[PDB]
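Data first, discussion second: the structure below is written as structure tokens.
Quick reminder, even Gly has a Cβ in these numbers, built from the backbone with ideal geometry, and neighbours come from all protein chains shown. Coordinate-derived values only; no laboratory data.
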Amino acid sequence: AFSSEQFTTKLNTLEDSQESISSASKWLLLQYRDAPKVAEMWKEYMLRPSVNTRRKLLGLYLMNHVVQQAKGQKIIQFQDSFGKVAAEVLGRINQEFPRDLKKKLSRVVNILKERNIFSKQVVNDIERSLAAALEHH
């Protein structure tokens, strides 16, 4: 519904900075209407080869800060949108991510339990996603 070029151009130029996350987060906060749109693009974007680990790590923090804020604006479409693709993206990047980043992300996944963003239905999906990568054979 919105200019996907912006979200993409920004995500591709996303850097690891406290101000950067907020800079983009603020823009996404005004995309409450593009709940499914942003989730679809973000997901398909995070599940792409071009996107590296760094880009992914940052994206997670961006969507995380945005969604968490949604609760303050009485928004649920964001949780269901980013949540339905969270178990997939997170589980896809968690397996591709190194043992080092695994901890950085693992600690982030728990944060969701504190803010109570997604429900047990979604959380149960994320865990299962990792369980699959846990086995090599």
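Among residues of the range 82-105 that are farther than 16 Å from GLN68 by Cα, those with a beta-carbon under 9 Å from a residue that is of a type in the set (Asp, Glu) at least six positions away or on a different chain give the pairs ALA87/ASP125; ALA87/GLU127; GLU88/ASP125; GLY91/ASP125; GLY91/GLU127.
Exactly one residue out of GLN6, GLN68 is of a type in the set (S, T, N, Q) and within 28 Å of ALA133 (Cβ to Cβ): that is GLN68.
When we screen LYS102, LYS84, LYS113 for residues that are within 13 Å of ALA35 (Cα to Cα) and not acidic (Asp, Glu), the only hit is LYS84. Screening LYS104 with (1) within 23 Å of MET41 (Cα to Cα); (2) part of a helix (DSSP H, G or I) gives one miss only, at (1). Of all residues in the range 45-56, those that are within 18 Å of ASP16 (Cβ to Cβ) have Cβ atoms under 6 Å from Cβ atoms of residues that are aromatic (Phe, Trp, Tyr), 6 or more apart or on another chain, in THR53/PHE97. Taking the criterion of being of a type outside the set (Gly, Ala, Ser), over 18 Å from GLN77 (Cα atoms) and out of contact with any helix residue (DSSP H, G or I) (no Cβ under 6 Å at 6 or more places or on another chain), the residues of the range 17-43 that qualify are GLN18, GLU19.
Tell me, which residue of the range 23-50 that is among the aliphatic types (A, V, I, L, M) and surrounded by fewer than 18 Cβ atoms within 10 Å (Cβ to Cβ) is farthest from the chain's Cα centre (by Cα)? Restricting to residues being among the aliphatic types (A, V, I, L, M) and surrounded by fewer than 18 Cβ atoms within 10 Å (Cβ to Cβ), the top hit is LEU30.
The set of residues in the range 1-22 being without any contact (Cβ under 8 Å) to a residue 12 or more places away in the chain and either surrounded by 11 or more Cβ atoms within 10 Å (Cβ to Cβ) or of a type in the set (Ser, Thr, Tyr) (or both) consists of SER3, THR9, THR13, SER17. Of the candidates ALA1, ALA24, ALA39, the single residue that is closer than 26 Å to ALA133 by Cα and among the hydrophobic types (A, V, I, L, M, F, W, C) is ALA39. One residue stands out among those in the range 81-137 that are aromatic (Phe, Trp, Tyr) and within 21 Å of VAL51 (Cβ to Cβ): the one that is surrounded by the most Cβ atoms within 10 Å (Cβ to Cβ), which is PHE82.
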